[PDB]
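Undergrad: Supplied in structure tokens, the structure appears directly below.
We did not get these values from a lab; they are worked out from the coordinates using the rules stated. Note that each Cβ is placed from the backbone with ideal geometry, even for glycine, and that neighbours are counted across all protein chains shown.
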Amino acid sequence: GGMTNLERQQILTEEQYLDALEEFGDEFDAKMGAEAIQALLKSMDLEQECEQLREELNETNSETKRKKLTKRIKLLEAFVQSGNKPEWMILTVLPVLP
Amino acid sequence: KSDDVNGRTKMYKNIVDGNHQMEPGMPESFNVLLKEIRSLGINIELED
């Protein structure tokens, strides 16, 4: 929801969610289940986030800026190269033992 | 002397015939482990 003055990932409590739906109408879509996390994770570009993280690490240098970003860059690179779909983390079907 | 079912009888027959040759096979405990891993939402397989 970009037309709404709401972030992409911000916590909105039940009463807050209700009043936001009332006043913004049915524009800022939101869920409360694993479907929400699935949709958020499957709707993104790994390459764009990796490039932005690389630019941020190269530009902003600090004791905390150096850390907490390179690990994220490595995670993104591993996910890209491994080819594993992030949405696969949200399991759907359940195998059972013999 | 392990869970290799196909190997135990083979070795017994070899000893009866005096062969003294060892045929490895592959332990069934590993199969159980593989199935248990596959029981989870985990991909695993043995390549060539």
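Undergrad: Pick out, from B:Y12, B:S39, B:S29, the residue whose Cα sits farthest towards the positive end of the charge dipole of chain B, with +1 on the Cβ of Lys and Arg and -1 on the Cβ of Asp and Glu.
TA: Positive-most Cα among the choices belongs to B:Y12.
Undergrad: Starting from the Kirkwood Rh over alpha-carbon pairs, what translational D in µm² s⁻¹ does the protein assembly as shown have by Stokes-Einstein at 10 °C and 1.306 mPa s?
TA: On the way: Rh = 21.3 Å.
This corresponds to a translational diffusion coefficient of 75 µm²/s.
Undergrad: Going toward the positive end of the dipole of chain A, with +1 on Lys and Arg Cβ and -1 on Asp and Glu Cβ, which of A:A78, A:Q52, A:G33 do you reach last?
TA: It is A:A78, whose Cα lies furthest towards the positive end.
Undergrad: Restricting to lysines 8 or more places apart or on different chains, can you count the pairs in chain A with Cα atoms under 23 Å from each other?
TA: Close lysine pairs under the 23 Å cut-off: 10.
Undergrad: If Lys and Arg each add +1 and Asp and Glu each add -1, what is the summed charge of the other residues whose beta carbon sits under 14 Å from the beta carbon of B:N31? Walk me through the intermediate numbers first.
TA: On the way: positive: B:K35, B:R38; negative: B:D3, B:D4, B:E28, B:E36, B:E45.
Neighbourhood net charge equals -3.
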